[PDB]
Each structure stands twice: as structure tokens, then as C-alpha cells.
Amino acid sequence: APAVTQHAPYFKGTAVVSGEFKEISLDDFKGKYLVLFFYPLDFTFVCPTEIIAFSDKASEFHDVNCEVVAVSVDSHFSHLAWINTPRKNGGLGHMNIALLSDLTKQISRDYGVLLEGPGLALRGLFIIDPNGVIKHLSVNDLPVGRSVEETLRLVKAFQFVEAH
């Protein structure tokens, strides 16, 4: 279930990883931390700020054994086309994080962030620990992006607790 202290719902799908298509799953992240976050749609004005900021600070998450993965109900083909749109035209440009396709909408559904009527995800974020346990979640309404720095601080606060 998508609640804190419970194991994260299993997921699998096609992601853009480094300009390439790869099938990824929750299993691939065992033994690291994972920030899994959702955004409504590719090619919309409100999303990319948050997605880019995550890409920019990705190295910082890697440094503490934390992976980052952005998800939307769009196809992996739409993801790539948007990654190949340069930031100066409201694209994403190169990405340091995976762009998971939730084309079936099942991932968003499993994480309790899918809006069924229009068929797209709220802005959910989950911090998942090395055993697949959810330590933190937050959800924002569509117009509002989150602070990437606060996410990083939380990953660190969680690791600190584990270490002590």
C-alpha cells in the first residue's frame, strides 16, 4: 500500500534512461533509496521546473545512494520527444533521472495519485528506503511544484535515523 511504514506497491514499466528505453521495476532499487515522483502530462508548462530541478540535483541524490524517477501517464515515446525538446522551448533537455511511462495508468493507480476522470496523476512524491518501505510521501495539486532541496534534506534525515 501507498502509506508510510508500509512496503511500496510493486511497479514495472518502460522508462527513458539516458536517452534509451529500458524496462525498470521496484526490484531494481532494492538496497538503495528511491525518490519516485509523479507529474500530470508531458508538454505542459507547470511540470518541467520541478522535473529539471530533480535532474540538476540528481548527482546529489546519487551521492547518498538515492535514485530518482519521474512518472507520468504519457508513453515513453512522448517522454523521449520531450527530453529531445531543449529547455529554451519548454522541453526537458537531457535528463539525469529516469522518466517512467505509466501508459496503462496502473502505476499511478497503485500509488493512489491517479485522477480517474481525466486520467492523469496528481503530483505525488514517495521516498522509499532500501527495503522498499515508504518513509515519506507528499502530494500537491497540479499547479504547484515542490522544493527539491527539502526532498534531499528528508532523504538525509532518514538515513541519519537509520545510522544512529
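In this text, residue numbers run from 1 along the sequence as written.
Inset, instruction - On mean C-alpha B-factor from the PDB entry, just flag whether 56-64 or 110-118 is the higher one. - result: Stretch with the higher mean C-alpha B-factor: 56-64.
Legend entry - Segment of higher mean CA temperature factor, 41-49 or 128-136: According to the entry, 41-49 carries the higher average C-alpha B-factor.
Inset, instruction - For residue 19, return the chain-relative third of its C-alpha B-factor as stated in the PDB record: lowest, middle or highest. - result: For residue 19, whose C-alpha B-factor we compare with every modelled residue in the chain, the answer is the highest third.
Inset, instruction - Looking at the entry's B-factor column for C-alpha atoms only, identify whether residue 81 ranks in the lowest, middle or highest third of its chain. - result: Middle third by C-alpha B-factor.
Legend entry - Lowest, middle or highest third - CA B-factor, residue 3: It falls in the middle third of the chain.
Inset, instruction - Compare the C-alpha B factor of residue 35 with those of the other modelled residues in its chain, then answer lowest, middle or highest third. - result: It belongs to the middle third of the chain when residues are ordered by C-alpha B-factor.
Legend entry - residue 70 CA temperature factor, ranked by third within the chain: Ranked within chain, residue 70 CA B lands in the middle tercile.
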